[PDB]
$ cat my_file.txt   # compact mmCIF, C-alpha atoms and all ligand atoms
# COMPACT_ATOMS: atom_id res chain seq x y z
CA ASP E 1 -33.12 -13.93 -1.31
CA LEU E 2 -35.72 -12.75 -3.84
CA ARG E 3 -34.68 -9.92 -6.20
CA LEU E 4 -36.83 -6.92 -7.18
CA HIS E 5 -38.00 -6.36 -10.77
CA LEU E 6 -40.08 -3.27 -11.50
CA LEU E 7 -42.62 -3.74 -14.27
CA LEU E 8 -41.41 -2.89 -17.77
CA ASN E 9 -44.92 -1.66 -18.57
CA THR E 10 -44.74 1.44 -16.39
CA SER E 11 -48.43 2.26 -16.99
CA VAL E 12 -49.28 -0.50 -14.49
CA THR E 13 -48.81 1.40 -11.24
CA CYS E 14 -49.11 1.50 -7.48
CA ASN E 15 -51.58 3.94 -5.91
CA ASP E 16 -49.35 7.02 -6.39
CA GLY E 17 -48.34 6.27 -10.00
CA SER E 18 -44.94 4.69 -9.29
CA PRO E 19 -44.37 1.37 -11.11
CA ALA E 20 -45.57 -1.88 -9.56
CA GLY E 21 -43.29 -4.93 -9.50
CA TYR E 22 -42.38 -8.38 -8.16
CA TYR E 23 -39.57 -10.18 -6.31
CA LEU E 24 -38.20 -13.35 -7.96
CA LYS E 25 -35.97 -16.29 -7.03
CA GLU E 26 -35.52 -18.71 -9.93
CA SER E 27 -35.12 -22.49 -9.58
CA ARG E 28 -33.73 -23.81 -12.86
CA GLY E 29 -34.43 -27.46 -12.09
CA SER E 30 -38.15 -26.90 -11.42
CA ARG E 31 -41.33 -26.54 -13.46
CA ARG E 32 -43.38 -25.37 -10.43
CA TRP E 33 -44.08 -21.65 -9.89
CA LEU E 34 -45.41 -19.99 -6.71
CA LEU E 35 -46.86 -16.46 -7.06
CA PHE E 36 -47.78 -15.02 -3.62
CA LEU E 37 -50.08 -12.01 -3.06
CA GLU E 38 -49.28 -9.80 -0.03
CA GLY E 39 -52.10 -8.49 2.18
CA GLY E 40 -52.73 -5.43 4.35
CA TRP E 41 -56.32 -4.08 4.62
CA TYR E 42 -57.49 -1.55 1.96
CA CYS E 43 -58.76 2.05 1.62
CA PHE E 44 -62.04 3.13 0.07
CA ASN E 45 -62.26 6.95 -0.14
CA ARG E 46 -60.02 10.00 -0.48
CA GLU E 47 -59.78 10.72 3.24
CA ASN E 48 -58.76 7.26 4.44
CA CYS E 49 -56.46 6.69 1.45
CA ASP E 50 -54.72 10.00 2.31
CA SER E 51 -54.18 8.74 5.87
CA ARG E 52 -52.77 5.43 4.59
CA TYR E 53 -50.32 7.31 2.35
CA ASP E 54 -48.80 9.04 5.41
CA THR E 55 -48.16 6.02 7.64
CA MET E 56 -48.45 2.92 5.38
CA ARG E 57 -46.73 4.25 2.26
CA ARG E 58 -44.96 1.02 1.19
CA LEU E 59 -48.54 -0.30 0.63
CA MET E 60 -49.20 2.60 -1.80
CA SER E 61 -45.87 3.19 -3.58
CA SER E 62 -42.70 1.43 -4.79
CA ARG E 63 -40.44 4.45 -4.31
CA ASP E 64 -38.99 3.10 -1.03
CA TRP E 65 -38.94 -0.66 -1.76
CA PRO E 66 -35.71 -2.58 -1.01
CA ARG E 67 -33.70 -4.32 -3.71
CA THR E 68 -34.22 -7.75 -2.09
CA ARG E 69 -36.45 -9.68 0.35
CA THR E 70 -35.99 -12.93 2.29
CA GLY E 71 -38.42 -15.73 1.45
CA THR E 72 -40.05 -17.20 4.59
CA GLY E 73 -42.47 -20.05 5.25
CA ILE E 74 -43.95 -21.35 1.99
CA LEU E 75 -41.59 -18.88 0.21
CA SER E 76 -38.49 -20.45 1.85
CA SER E 77 -36.03 -22.40 -0.34
CA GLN E 78 -34.80 -24.51 2.66
CA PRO E 79 -36.55 -27.89 3.12
CA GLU E 80 -36.13 -27.55 6.88
CA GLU E 81 -38.49 -24.51 6.82
CA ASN E 82 -40.61 -25.45 3.75
CA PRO E 83 -41.31 -29.20 3.43
CA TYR E 84 -43.89 -28.55 0.68
CA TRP E 85 -42.36 -26.58 -2.25
CA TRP E 86 -38.76 -25.67 -1.25
CA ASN E 87 -37.40 -26.26 -4.78
CA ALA E 88 -39.99 -24.12 -6.63
CA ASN E 89 -39.57 -20.87 -8.51
CA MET E 90 -40.59 -18.20 -5.95
CA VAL E 91 -42.41 -14.90 -6.66
CA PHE E 92 -43.58 -12.31 -4.07
CA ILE E 93 -45.91 -9.60 -5.45
CA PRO E 94 -46.10 -6.56 -3.10
CA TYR E 95 -49.56 -5.15 -2.34
CA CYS E 96 -49.45 -1.48 -3.37
CA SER E 97 -52.99 -0.96 -4.79
CA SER E 98 -55.13 -0.91 -1.57
CA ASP E 99 -58.04 -2.55 -3.49
CA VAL E 100 -58.05 -6.23 -2.36
CA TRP E 101 -56.39 -6.93 -5.77
CA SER E 102 -59.61 -6.02 -7.63
CA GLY E 103 -58.97 -2.63 -9.22
CA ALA E 104 -58.68 -1.55 -12.83
CA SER E 105 -58.43 2.27 -12.76
CA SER E 106 -55.56 4.66 -13.57
CA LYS E 107 -54.52 7.87 -11.84
CA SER E 108 -55.83 10.75 -13.97
CA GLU E 109 -57.25 14.28 -13.84
CA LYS E 110 -60.32 12.79 -12.13
CA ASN E 111 -58.59 10.21 -9.88
CA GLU E 112 -56.03 11.14 -7.22
CA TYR E 113 -54.99 7.47 -6.89
CA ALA E 114 -54.59 4.48 -9.21
CA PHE E 115 -56.23 1.19 -8.20
CA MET E 116 -54.78 -1.46 -10.51
CA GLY E 117 -54.49 -4.68 -8.46
CA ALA E 118 -56.19 -6.92 -11.04
CA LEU E 119 -53.97 -5.55 -13.82
CA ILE E 120 -50.81 -5.84 -11.70
CA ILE E 121 -51.34 -9.62 -11.47
CA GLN E 122 -51.94 -9.89 -15.23
CA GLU E 123 -48.76 -7.94 -16.07
CA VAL E 124 -46.61 -9.93 -13.65
CA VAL E 125 -47.75 -13.19 -15.27
CA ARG E 126 -47.10 -11.58 -18.67
CA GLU E 127 -43.46 -10.64 -17.96
CA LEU E 128 -42.69 -13.93 -16.13
CA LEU E 129 -43.54 -15.98 -19.24
CA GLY E 130 -40.40 -14.52 -20.84
CA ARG E 131 -38.33 -15.56 -17.80
CA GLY E 132 -39.23 -19.27 -17.70
CA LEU E 133 -42.93 -19.45 -16.77
CA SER E 134 -43.59 -20.58 -20.37
CA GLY E 135 -42.20 -24.00 -19.39
CA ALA E 136 -44.23 -24.45 -16.17
CA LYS E 137 -46.30 -27.49 -15.25
CA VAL E 138 -48.12 -25.85 -12.28
CA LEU E 139 -48.75 -22.20 -11.32
CA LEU E 140 -49.95 -21.86 -7.70
CA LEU E 141 -51.43 -18.41 -7.02
CA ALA E 142 -51.24 -18.02 -3.22
CA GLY E 143 -51.91 -15.10 -0.84
CA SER E 144 -52.59 -14.08 2.76
CA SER E 145 -55.28 -11.78 4.27
CA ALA E 146 -56.40 -9.31 1.54
CA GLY E 147 -54.08 -11.38 -0.67
CA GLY E 148 -56.07 -14.52 0.11
CA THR E 149 -59.27 -12.79 -0.98
CA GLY E 150 -57.25 -11.68 -4.02
CA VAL E 151 -56.64 -15.33 -4.95
CA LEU E 152 -60.38 -16.02 -5.01
CA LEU E 153 -61.00 -12.93 -7.15
CA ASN E 154 -58.20 -13.61 -9.66
CA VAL E 155 -57.25 -17.32 -10.02
CA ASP E 156 -59.76 -18.00 -12.84
CA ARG E 157 -58.66 -14.84 -14.67
CA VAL E 158 -55.03 -16.05 -14.61
CA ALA E 159 -56.20 -19.40 -16.02
CA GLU E 160 -58.13 -17.64 -18.80
CA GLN E 161 -55.14 -15.37 -19.53
CA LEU E 162 -52.76 -18.29 -20.05
CA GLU E 163 -55.27 -20.15 -22.24
CA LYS E 164 -55.69 -17.09 -24.48
CA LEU E 165 -51.92 -16.57 -24.77
CA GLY E 166 -51.39 -20.16 -25.98
CA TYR E 167 -50.21 -21.99 -22.82
CA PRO E 168 -52.96 -24.56 -22.21
CA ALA E 169 -50.57 -27.03 -20.52
CA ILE E 170 -49.93 -24.92 -17.39
CA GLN E 171 -52.24 -26.01 -14.55
CA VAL E 172 -53.39 -22.95 -12.54
CA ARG E 173 -54.39 -23.54 -8.88
CA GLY E 174 -55.14 -21.28 -5.90
CA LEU E 175 -54.17 -21.22 -2.21
CA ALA E 176 -56.25 -18.73 -0.18
CA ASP E 177 -54.94 -18.02 3.35
CA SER E 178 -56.98 -15.95 5.86
CA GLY E 179 -59.22 -14.40 3.22
CA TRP E 180 -62.47 -16.37 3.83
CA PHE E 181 -64.77 -13.97 5.72
CA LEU E 182 -68.43 -13.94 6.77
CA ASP E 183 -70.87 -11.06 6.27
CA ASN E 184 -72.36 -11.92 9.66
CA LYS E 185 -74.20 -10.08 12.42
CA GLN E 186 -71.80 -8.01 14.49
CA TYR E 187 -71.47 -8.28 18.26
CA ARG E 188 -71.99 -4.49 18.57
CA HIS E 189 -73.40 -2.21 15.83
CA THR E 190 -72.59 1.20 14.31
CA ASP E 191 -73.91 3.05 11.26
CA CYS E 192 -71.44 3.69 8.41
CA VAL E 193 -70.54 7.37 8.82
CA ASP E 194 -66.73 7.03 9.01
CA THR E 195 -63.97 4.50 8.37
CA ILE E 196 -64.03 2.74 11.74
CA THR E 197 -67.81 2.29 11.98
CA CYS E 198 -68.39 1.10 8.38
CA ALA E 199 -69.19 -2.63 8.24
CA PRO E 200 -67.25 -4.73 5.68
CA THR E 201 -70.22 -5.02 3.31
CA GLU E 202 -70.73 -1.25 3.18
CA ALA E 203 -67.00 -0.51 2.90
CA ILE E 204 -66.56 -2.98 0.03
CA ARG E 205 -69.60 -1.61 -1.83
CA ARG E 206 -68.11 1.91 -1.75
CA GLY E 207 -64.63 0.60 -2.53
CA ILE E 208 -65.76 -1.19 -5.69
CA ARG E 209 -67.12 2.06 -7.11
CA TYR E 210 -64.01 4.03 -6.05
CA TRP E 211 -61.58 1.44 -7.52
CA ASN E 212 -63.51 0.38 -10.63
CA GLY E 213 -63.27 -3.05 -9.04
CA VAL E 214 -63.77 -6.26 -11.01
CA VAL E 215 -65.00 -9.70 -9.88
CA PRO E 216 -65.04 -13.16 -11.53
CA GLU E 217 -67.51 -13.32 -14.40
CA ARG E 218 -69.65 -16.29 -13.31
CA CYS E 219 -70.13 -14.71 -9.88
CA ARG E 220 -70.91 -11.30 -11.43
CA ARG E 221 -73.61 -12.93 -13.58
CA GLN E 222 -75.33 -14.40 -10.50
CA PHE E 223 -75.47 -11.27 -8.32
CA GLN E 224 -75.69 -8.68 -11.17
CA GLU E 225 -75.14 -4.93 -11.37
CA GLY E 226 -74.75 -3.14 -8.05
CA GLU E 227 -74.37 -6.34 -6.01
CA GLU E 228 -70.77 -7.28 -6.91
CA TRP E 229 -69.70 -6.89 -3.25
CA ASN E 230 -71.07 -10.43 -2.70
CA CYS E 231 -68.18 -11.90 -4.71
CA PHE E 232 -65.64 -10.65 -2.13
CA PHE E 233 -67.04 -13.22 0.37
CA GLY E 234 -65.41 -16.65 0.05
CA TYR E 235 -68.43 -18.91 0.56
CA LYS E 236 -70.33 -17.04 -2.21
CA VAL E 237 -67.57 -16.81 -4.85
CA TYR E 238 -65.89 -20.23 -4.34
CA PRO E 239 -68.77 -22.32 -5.88
CA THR E 240 -68.45 -20.28 -9.10
CA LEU E 241 -64.72 -21.04 -9.63
CA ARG E 242 -63.33 -23.66 -12.00
CA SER E 243 -59.65 -23.73 -10.86
CA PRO E 244 -58.79 -25.98 -7.88
CA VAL E 245 -58.57 -23.85 -4.69
CA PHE E 246 -57.20 -24.89 -1.26
CA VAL E 247 -58.70 -22.79 1.59
CA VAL E 248 -56.79 -22.03 4.83
CA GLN E 249 -58.81 -20.21 7.53
CA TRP E 250 -58.56 -19.93 11.32
CA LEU E 251 -62.00 -20.60 12.82
CA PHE E 252 -61.64 -17.52 15.08
CA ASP E 253 -59.80 -15.14 12.75
CA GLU E 254 -58.62 -11.90 14.40
CA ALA E 255 -59.60 -9.72 11.42
CA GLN E 256 -63.10 -11.22 11.38
CA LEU E 257 -63.44 -10.56 15.12
CA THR E 258 -62.15 -6.99 14.74
CA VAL E 259 -64.78 -6.11 12.13
CA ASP E 260 -67.37 -7.81 14.36
CA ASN E 261 -66.42 -5.34 17.16
CA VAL E 262 -65.08 -8.10 19.46
CA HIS E 263 -61.90 -7.54 21.48
CA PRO E 264 -63.54 -12.80 31.79
CA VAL E 265 -66.00 -13.60 28.98
CA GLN E 266 -69.69 -13.46 29.84
CA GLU E 267 -72.53 -15.53 28.43
CA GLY E 268 -73.58 -13.30 25.53
CA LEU E 269 -70.06 -13.08 24.12
CA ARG E 270 -69.39 -16.78 24.76
CA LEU E 271 -72.40 -17.73 22.63
CA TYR E 272 -71.40 -15.19 19.94
CA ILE E 273 -67.89 -16.64 19.61
CA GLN E 274 -69.10 -20.26 19.63
CA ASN E 275 -71.67 -19.45 16.93
CA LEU E 276 -68.96 -17.80 14.78
CA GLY E 277 -66.87 -20.99 14.84
CA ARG E 278 -69.89 -23.13 13.95
CA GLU E 279 -70.88 -20.84 11.06
CA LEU E 280 -67.35 -20.91 9.60
CA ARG E 281 -67.20 -24.71 9.87
CA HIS E 282 -70.56 -24.89 8.06
CA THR E 283 -69.30 -22.83 5.10
CA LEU E 284 -66.32 -25.21 4.71
CA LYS E 285 -68.33 -28.46 4.90
CA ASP E 286 -68.33 -28.94 1.11
CA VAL E 287 -64.82 -27.55 0.45
CA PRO E 288 -62.76 -30.71 -0.23
CA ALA E 289 -59.33 -29.02 0.12
CA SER E 290 -59.21 -26.99 3.34
CA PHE E 291 -57.27 -26.48 6.60
CA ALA E 292 -59.18 -24.76 9.44
CA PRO E 293 -57.79 -24.91 13.00
CA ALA E 294 -59.71 -23.75 16.09
CA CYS E 295 -57.36 -20.87 16.98
CA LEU E 296 -57.51 -17.12 17.51
CA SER E 297 -54.89 -15.86 14.99
CA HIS E 298 -54.45 -14.32 11.51
CA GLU E 299 -52.35 -15.45 8.48
CA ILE E 300 -50.08 -18.54 8.42
CA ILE E 301 -48.34 -19.48 5.21
CA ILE E 302 -45.32 -17.10 5.15
CA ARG E 303 -44.52 -17.44 8.88
CA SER E 304 -41.29 -19.34 9.51
CA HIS E 305 -42.97 -21.67 12.03
CA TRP E 306 -45.95 -22.41 9.78
CA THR E 307 -45.15 -26.14 10.02
CA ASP E 308 -46.05 -26.38 13.72
CA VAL E 309 -49.88 -26.27 13.71
CA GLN E 310 -51.74 -29.55 13.09
CA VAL E 311 -55.37 -30.60 12.60
CA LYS E 312 -56.15 -34.22 13.56
CA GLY E 313 -52.38 -34.79 13.58
CA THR E 314 -51.72 -33.45 10.04
CA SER E 315 -49.67 -30.29 9.40
CA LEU E 316 -50.44 -27.77 6.66
CA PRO E 317 -47.32 -28.65 4.57
CA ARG E 318 -48.45 -32.28 4.64
CA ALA E 319 -52.03 -31.41 3.69
CA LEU E 320 -50.75 -29.36 0.74
CA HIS E 321 -48.52 -32.26 -0.37
CA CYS E 322 -51.56 -34.57 -0.21
CA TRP E 323 -53.46 -32.02 -2.34
CA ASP E 324 -50.67 -32.24 -4.95
CA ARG E 325 -51.06 -36.04 -5.01
CA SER E 326 -54.85 -35.87 -5.38
CA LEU E 327 -54.44 -33.68 -8.52
CA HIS E 328 -52.23 -36.25 -10.29
CA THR E 329 -59.90 -41.51 -4.75
CA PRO E 330 -58.91 -40.19 -1.31
CA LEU E 331 -55.47 -41.29 -0.21
CA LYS E 332 -54.65 -43.59 2.70
CA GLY E 333 -53.19 -41.53 5.52
CA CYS E 334 -52.89 -38.41 3.30
CA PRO E 335 -55.94 -36.20 4.01
CA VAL E 336 -56.82 -32.91 2.30
CA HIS E 337 -60.01 -31.85 4.19
CA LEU E 338 -58.99 -30.83 7.74
CA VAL E 339 -61.49 -28.79 9.83
CA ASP E 340 -61.48 -28.69 13.65
CA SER E 341 -64.69 -29.58 15.48
CA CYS E 342 -63.91 -28.31 18.97
CA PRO E 343 -65.79 -25.10 19.80
CA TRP E 344 -63.41 -22.58 21.51
CA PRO E 345 -60.12 -20.82 20.62
CA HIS E 346 -57.03 -22.89 21.51
CA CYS E 347 -59.00 -26.10 22.06
CA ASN E 348 -56.40 -27.34 19.55
CA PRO E 349 -53.13 -27.66 21.53
CA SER E 350 -50.98 -26.83 18.46
CA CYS E 351 -52.34 -23.27 18.09
CA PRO E 352 -49.64 -20.59 17.84
CA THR E 353 -48.81 -18.70 21.00
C1 LIG W 401 -62.63 -9.09 7.69
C2 LIG W 401 -62.97 -8.05 6.62
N1 LIG W 401 -62.07 -8.06 5.49
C3 LIG W 401 -62.44 -8.25 4.23
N2 LIG W 401 -63.79 -8.49 3.77
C4 LIG W 401 -63.94 -9.23 2.53
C5 LIG W 401 -65.32 -9.51 1.98
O1 LIG W 401 -63.00 -9.62 1.92
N3 LIG W 401 -61.39 -8.19 3.43
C6 LIG W 401 -60.29 -7.95 4.19
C7 LIG W 401 -58.93 -7.79 3.87
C8 LIG W 401 -58.02 -7.55 4.89
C9 LIG W 401 -58.43 -7.47 6.22
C10 LIG W 401 -59.78 -7.62 6.53
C11 LIG W 401 -60.72 -7.87 5.50
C1 LIG W 402 -49.50 -1.89 -20.43
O1 LIG W 402 -50.61 -2.31 -19.65
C2 LIG W 402 -51.85 -1.73 -20.07
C3 LIG W 402 -52.89 -2.11 -19.04
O2 LIG W 402 -53.02 -3.52 -18.91
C4 LIG W 402 -52.18 -2.23 -21.47
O3 LIG W 402 -53.37 -1.60 -21.92
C5 LIG W 402 -51.04 -1.91 -22.43
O4 LIG W 402 -51.27 -2.59 -23.66
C6 LIG W 402 -49.69 -2.36 -21.88
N1 LIG W 402 -48.61 -1.84 -22.71
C7 LIG W 402 -47.81 -2.61 -23.45
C8 LIG W 402 -46.76 -1.90 -24.24
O5 LIG W 402 -47.92 -3.84 -23.48

$ encode --input "my_file.txt" --output "structure tokens"
Amino acid sequence: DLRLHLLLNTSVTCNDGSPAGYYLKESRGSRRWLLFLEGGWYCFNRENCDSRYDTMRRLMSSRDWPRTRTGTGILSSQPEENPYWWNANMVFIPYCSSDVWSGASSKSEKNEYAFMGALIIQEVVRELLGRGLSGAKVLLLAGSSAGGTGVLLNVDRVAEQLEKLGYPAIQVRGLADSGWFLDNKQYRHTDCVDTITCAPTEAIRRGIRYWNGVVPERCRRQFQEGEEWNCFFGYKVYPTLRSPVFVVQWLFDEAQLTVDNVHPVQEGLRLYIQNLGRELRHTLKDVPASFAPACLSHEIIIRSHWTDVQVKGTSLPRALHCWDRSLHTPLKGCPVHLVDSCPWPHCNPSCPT
């Protein structure tokens, strides 16, 4: 089990002003640290954040969090379930800022909610250095869904933070699961006049202003003031990053299809779905560390049966182990770029049911 620690700096808060925190399981014989970012959509104005507070309150507040959690998948300490990093120090950071881990704004007389995701990550790293992170050789910042986009937005800031605090020997890396999305043409269209009809690009643009959201500096310098929403899209922000990043993405991601307004398939929809898979494959062509199976699904790395899916006969735990070796020139029988080429969901027999 992983044990809850609420942040000692209580000015770093969840949406409702309660303290943020992290769950920790130490491994005294290890210099590897895994910090995982939870996902769970986002909210971008008063009305839809109020709704979220009624029926998704654990994603906005720590007041009801449990004292412990069980680590699963890549957070499991059993080699049977986690062939990759079972002996690592394990950290789970709950998502309670509703800002895709981008925010830097406090609750105040002008703000009903706090959006502090970017500062939550910085403070967790800060307090962990006193609990053994100071002796680390590798810090892997991982995450799923909104947490995977959070990795892309924050991995270089963690690297810069540790350099400035005097820890140049810790190698920071990122693992982004199910957070690589396309700002593509939708299958059916609606103008942005309420939460459900607002396309991702419009919703993120409004969210950034509501959250005081922050993006990586090299990407901000390319797109400039008012256009920071571009840096929330994987294929645009990834080429600006300096830390090594492994990208996991289903070719037919359920969250992508939902925002595209897709739910006996006729010709128009067949072509739409086949074109989505091809476009995703194209954005990953020059990503040397990636795992992209041709399945209709969402998230993978903290599921207990995450070891089952394979691309070209290689599982994700194996691909991640090969990535470790490559960062000690490709390796015989140990590949790190794994993208399916077949064009329809479940054309890979190992897709989850
Ligand atoms: C598919 C749309 N989408 C985006 N969009 C971006 C640019 O990141 N972020 C998400 C986070 C959680 C769920 C869905 C999400
Ligand atoms: C608490 O965090 C805030 C926001 O990052 C920071 O400004 C402040 O210095 C921190 N307080 C202490 C005592 O470190």

$ atom_distance --input "my_file.txt" --atom1 "CA of residue 320 in chain E" --atom2 "CA of residue 29 in chain E"
20.8 Å

$ atom_distance --input "my_file.txt" --atom1 "CA of residue 276 in chain E" --atom2 "CA of residue 252 in chain E"
7.3 Å

$ residues_around --input "my_file.txt" --residues "residue 87 in chain E" --least-positions-apart "3" --cutoff "7 Å" --atoms "all atoms listed in the file" --output "ChimeraX atom specification"
/E:27,30,77

$ residues_near_ligand --input "my_file.txt" --ligand "ligand LIG 401 (chain W)" --cutoff "6 Å" --atoms "only C-alpha atoms and all ligand atoms" --output "list in words"
residues 40, 41, 145, 146, 149, 181, 200, 232, 233, 255, 256 and 259 of chain E

$ residues_near_ligand --input "my_file.txt" --ligand "ligand LIG 402 (chain W)" --cutoff "8 Å" --atoms "all atoms listed in the file" --output "count of residues only"
8
